[PDB]
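Raw entry-v5.cif, mmCIF, C-alpha atoms:
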```cif
data_target
#
loop_
_atom_site.label_atom_id
_atom_site.label_comp_id
_atom_site.auth_asym_id
_atom_site.auth_seq_id
_atom_site.Cartn_x
_atom_site.Cartn_y
_atom_site.Cartn_z
CA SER A 2 6.45 9.23 -13.39
CA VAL A 3 6.92 5.59 -12.61
CA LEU A 4 3.87 5.82 -10.37
CA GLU A 5 1.75 7.05 -13.27
CA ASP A 6 2.95 4.10 -15.28
CA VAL A 7 1.83 1.75 -12.53
CA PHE A 8 -1.73 3.09 -12.81
CA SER A 9 -1.81 3.43 -16.59
CA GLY A 10 -4.44 1.44 -18.39
CA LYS A 11 -5.97 0.29 -15.14
CA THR A 12 -9.63 1.05 -14.61
CA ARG A 13 -10.68 -0.71 -11.43
CA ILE A 14 -8.17 -0.12 -8.61
CA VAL A 15 -8.00 -1.34 -5.04
CA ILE A 16 -5.59 0.49 -2.76
CA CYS A 17 -4.79 -1.37 0.48
CA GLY A 18 -3.03 0.40 3.34
CA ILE A 19 -1.08 -1.88 5.66
CA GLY A 20 0.28 -0.82 9.01
CA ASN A 21 -0.30 -0.03 12.69
CA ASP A 22 -1.26 3.52 13.71
CA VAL A 23 0.30 3.22 17.20
CA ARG A 24 3.60 1.70 16.07
CA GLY A 25 5.53 4.82 15.08
CA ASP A 26 6.53 5.04 11.43
CA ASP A 27 4.66 1.72 10.85
CA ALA A 28 1.57 3.94 10.71
CA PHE A 29 2.62 4.90 7.16
CA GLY A 30 0.29 2.65 5.13
CA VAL A 31 -2.80 3.33 7.24
CA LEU A 32 -2.07 7.06 7.11
CA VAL A 33 -2.05 6.81 3.34
CA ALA A 34 -5.25 4.82 3.18
CA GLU A 35 -7.12 7.13 5.51
CA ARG A 36 -5.99 10.16 3.65
CA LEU A 37 -6.95 8.63 0.32
CA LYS A 38 -10.48 8.09 1.64
CA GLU A 39 -10.77 11.88 1.98
CA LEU A 40 -9.35 12.60 -1.45
CA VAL A 41 -10.73 9.96 -3.80
CA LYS A 42 -14.29 9.55 -4.72
CA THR A 43 -14.93 7.48 -7.79
CA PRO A 44 -16.82 4.26 -8.13
CA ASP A 45 -13.95 2.50 -9.91
CA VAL A 46 -11.66 2.73 -6.88
CA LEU A 47 -11.82 0.93 -3.52
CA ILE A 48 -9.62 2.12 -0.61
CA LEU A 49 -9.12 -0.28 2.29
CA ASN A 50 -7.42 0.09 5.64
CA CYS A 51 -6.17 -3.47 6.15
CA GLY A 52 -4.26 -2.85 9.37
CA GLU A 53 -1.82 -5.69 9.75
CA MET A 54 -4.14 -8.25 8.19
CA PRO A 55 -4.44 -7.85 4.42
CA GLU A 56 -5.20 -11.57 4.20
CA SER A 57 -8.55 -10.83 5.87
CA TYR A 58 -9.64 -8.64 2.92
CA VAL A 59 -8.96 -10.96 -0.02
CA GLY A 60 -12.65 -11.67 -0.46
CA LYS A 61 -13.62 -8.09 -0.69
CA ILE A 62 -10.66 -7.35 -2.90
CA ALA A 63 -11.54 -10.13 -5.30
CA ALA A 64 -15.21 -9.15 -5.32
CA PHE A 65 -14.29 -5.68 -6.56
CA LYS A 66 -12.87 -7.16 -9.75
CA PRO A 67 -9.69 -5.14 -9.80
CA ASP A 68 -7.38 -4.43 -12.72
CA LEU A 69 -4.71 -3.27 -10.21
CA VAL A 70 -4.22 -3.85 -6.49
CA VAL A 71 -1.75 -1.50 -4.72
CA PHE A 72 -0.47 -2.41 -1.25
CA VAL A 73 1.04 0.50 0.65
CA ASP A 74 3.28 -0.28 3.68
CA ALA A 75 6.29 0.90 5.66
CA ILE A 76 9.07 -1.34 4.32
CA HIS A 77 12.61 -1.72 5.66
CA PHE A 78 14.70 -1.97 2.48
CA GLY A 79 17.84 -0.23 3.69
CA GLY A 80 16.96 3.17 2.27
CA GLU A 81 17.06 6.58 3.86
CA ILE A 82 14.03 7.18 6.05
CA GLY A 83 11.15 8.37 3.93
CA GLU A 84 12.53 7.00 0.70
CA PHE A 85 10.01 5.20 -1.51
CA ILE A 86 10.26 1.82 -3.21
CA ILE A 87 7.97 0.30 -5.85
CA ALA A 88 8.15 -3.47 -5.85
CA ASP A 89 6.54 -6.64 -7.20
CA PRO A 90 5.21 -8.44 -4.16
CA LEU A 91 4.73 -11.66 -6.14
CA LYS A 92 8.50 -12.09 -6.50
CA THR A 93 10.17 -14.78 -4.35
CA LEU A 94 13.13 -13.19 -2.53
CA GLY A 95 14.78 -16.30 -1.11
CA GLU A 96 16.26 -16.93 2.30
CA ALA A 97 17.85 -13.48 2.66
CA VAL A 98 14.51 -12.14 3.82
CA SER A 99 12.47 -13.50 6.56
CA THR A 100 8.86 -13.01 6.64
CA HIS A 101 6.73 -11.60 9.44
CA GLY A 102 3.48 -13.59 9.75
CA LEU A 103 1.74 -14.49 6.49
CA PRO A 104 3.91 -12.99 3.78
CA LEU A 105 2.40 -10.50 1.44
CA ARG A 106 3.67 -12.62 -1.44
CA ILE A 107 1.13 -15.30 -0.55
CA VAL A 108 -1.71 -12.81 -0.25
CA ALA A 109 -0.80 -11.14 -3.56
CA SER A 110 -0.40 -14.49 -5.38
CA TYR A 111 -3.85 -15.62 -4.23
CA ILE A 112 -5.47 -12.33 -5.29
CA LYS A 113 -3.82 -12.42 -8.74
CA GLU A 114 -4.82 -16.02 -9.30
CA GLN A 115 -8.44 -15.21 -8.40
CA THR A 116 -8.72 -11.97 -10.40
CA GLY A 117 -5.98 -11.59 -12.98
CA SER A 118 -5.16 -8.23 -11.40
CA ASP A 119 -1.69 -6.69 -11.53
CA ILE A 120 -0.36 -6.31 -8.01
CA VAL A 121 2.15 -3.70 -6.83
CA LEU A 122 3.69 -2.77 -3.44
CA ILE A 123 4.59 0.83 -2.65
CA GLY A 124 6.87 0.97 0.41
CA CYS A 125 8.30 3.82 2.46
CA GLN A 126 11.44 3.33 4.61
CA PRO A 127 10.64 3.78 8.34
CA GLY A 128 13.00 5.21 10.91
CA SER A 129 11.38 4.24 14.19
CA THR A 130 8.78 1.51 14.86
CA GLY A 131 8.42 1.54 18.64
CA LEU A 132 5.24 0.37 20.31
CA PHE A 133 2.92 3.23 21.35
CA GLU A 134 4.92 5.75 19.32
CA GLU A 135 3.43 8.42 17.08
CA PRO A 136 4.71 8.41 13.51
CA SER A 137 7.56 10.79 12.76
CA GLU A 138 6.81 14.14 11.19
CA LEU A 139 8.73 12.97 8.14
CA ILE A 140 6.64 9.83 7.67
CA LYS A 141 3.43 11.80 8.11
CA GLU A 142 4.61 14.18 5.42
CA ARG A 143 5.59 11.27 3.14
CA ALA A 144 2.15 9.62 3.64
CA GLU A 145 0.39 12.89 2.79
CA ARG A 146 2.64 13.29 -0.26
CA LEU A 147 1.97 9.75 -1.55
CA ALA A 148 -1.78 10.11 -0.98
CA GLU A 149 -1.69 13.36 -2.97
CA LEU A 150 0.31 11.82 -5.81
CA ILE A 151 -2.07 8.88 -6.01
CA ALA A 152 -5.20 11.03 -5.73
CA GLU A 153 -4.06 13.34 -8.48
CA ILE A 154 -3.51 10.35 -10.71
CA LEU A 155 -6.92 8.85 -9.82
CA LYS A 156 -8.98 11.99 -10.10
CA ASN A 157 -7.38 12.28 -13.52
#
```
Could the structure of this file be written out as structure tokens, please?
Amino acid sequence: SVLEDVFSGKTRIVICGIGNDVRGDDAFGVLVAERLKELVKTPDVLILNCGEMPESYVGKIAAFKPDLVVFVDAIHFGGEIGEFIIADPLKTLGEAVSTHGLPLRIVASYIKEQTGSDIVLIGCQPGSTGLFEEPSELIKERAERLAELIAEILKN
């Protein structure tokens, strides 16, 4: 799978879940991170719940000496709800996108400069991001599915 390719050759891995667990389908990334914490025990892998502030974890990420850093987030990319995307968060997208807060590109560029790590973003298309909403059943299922796919790669 393309996922497997992402992880291939990479020994030390940091997986960073981004999201908000009370903002409907925006819970996606934190759901993934929390589920991975239950499924992955190896000393070569660090799982972080970054909430909405991955920039606050750059120190700890760099100190882990990663080969690969994987950000996991709900991403609006015009897909069907629940659809996955694998993207390069270092890439400059231009004016067609506007950036909420500190863009992930800046975070990822700093981490890669500091460590030499590859960086990847795995996104899932959300369908509803209302404040004080539970995630949809579909997004919960997609988070559980991605955590399983990643754990089966990592255990392996």
(message) Can you translate the PyMOL selection byres ((chain A and resi 51) around 8) into the concrete residues it hits in this file, as JSON, numbers by chain?
(response) {"A": [17, 18, 19, 20, 31, 49, 50, 52, 53, 54, 55, 57, 58]}
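Once the PyMOL selection byres ((chain A and resi 108) around 10) is applied to this file, the selection holds residues 54, 55, 56, 57, 58, 59, 90, 91, 103, 104, 105, 106, 107, 109, 110, 111, 112 and 113 of chain A.
In terms of minimum interatomic distance to residue 44 in chain A, A:155 ranks closest within A:100, A:155, A:71, A:144, counting only C-alpha atoms.
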(message) Show me, as an NGL selection string, the residues that have an atom within 10 Å of residue 84 in chain A when counting all atoms listed in the file, minus same-chain residues fewer than 6 positions from it.
(response) :A and (76 or 78 or 124-127 or 140 or 143)
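Between CA of residue 65 in chain A and CA of residue 11 in chain A the interatomic distance comes to 13.4 Å.
Computed from the coordinates, the CA of residue 149 in chain A to CA of residue 5 in chain A distance equals 12.6 Å.
Coordinates place CA of residue 28 in chain A at a distance of 21.0 Å from CA of residue 99 in chain A.
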Rebuild range 127-138 of chain A to N, CA, C and O atoms - output it as a short mmCIF file (atom, residue, chain, number, x, y, z; two decimals), keeping the file's coordinate frame, please.
```
data_model
loop_
_atom_site.label_atom_id
_atom_site.label_comp_id
_atom_site.auth_asym_id
_atom_site.auth_seq_id
_atom_site.Cartn_x
_atom_site.Cartn_y
_atom_site.Cartn_z
N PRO A 127 10.88 3.19 7.01
CA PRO A 127 10.64 3.78 8.34
C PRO A 127 11.93 4.01 9.09
O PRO A 127 12.92 3.36 8.83
N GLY A 128 11.84 4.87 10.08
CA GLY A 128 13.00 5.21 10.91
C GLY A 128 12.84 4.80 12.35
O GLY A 128 13.83 4.64 13.05
N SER A 129 11.61 4.66 12.81
CA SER A 129 11.38 4.24 14.19
C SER A 129 10.05 3.50 14.27
O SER A 129 9.06 4.03 13.82
N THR A 130 10.03 2.28 14.79
CA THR A 130 8.78 1.51 14.86
C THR A 130 8.43 1.03 16.27
O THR A 130 7.97 -0.08 16.45
N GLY A 131 8.71 1.86 17.26
CA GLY A 131 8.42 1.54 18.64
C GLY A 131 6.94 1.43 18.96
O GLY A 131 6.11 2.13 18.40
N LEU A 132 6.62 0.54 19.88
CA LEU A 132 5.24 0.37 20.31
C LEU A 132 4.80 1.62 21.10
O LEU A 132 5.56 2.17 21.90
N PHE A 133 3.59 2.05 20.83
CA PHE A 133 2.92 3.23 21.35
C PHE A 133 3.72 4.50 21.07
O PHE A 133 3.74 5.41 21.88
N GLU A 134 4.26 4.55 19.86
CA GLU A 134 4.92 5.75 19.32
C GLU A 134 4.03 6.36 18.25
O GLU A 134 3.35 5.66 17.50
N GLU A 135 4.05 7.69 18.18
CA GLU A 135 3.43 8.42 17.08
C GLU A 135 4.33 8.26 15.86
O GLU A 135 5.54 8.03 16.01
N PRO A 136 3.77 8.37 14.63
CA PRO A 136 4.71 8.41 13.51
C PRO A 136 5.57 9.67 13.52
O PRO A 136 5.14 10.69 14.05
N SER A 137 6.73 9.62 12.90
CA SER A 137 7.56 10.79 12.76
C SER A 137 6.90 11.80 11.86
O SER A 137 6.06 11.48 11.11
N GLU A 138 7.27 13.06 12.04
CA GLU A 138 6.81 14.14 11.19
C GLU A 138 7.10 13.81 9.74
O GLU A 138 6.25 14.03 8.87
#
```
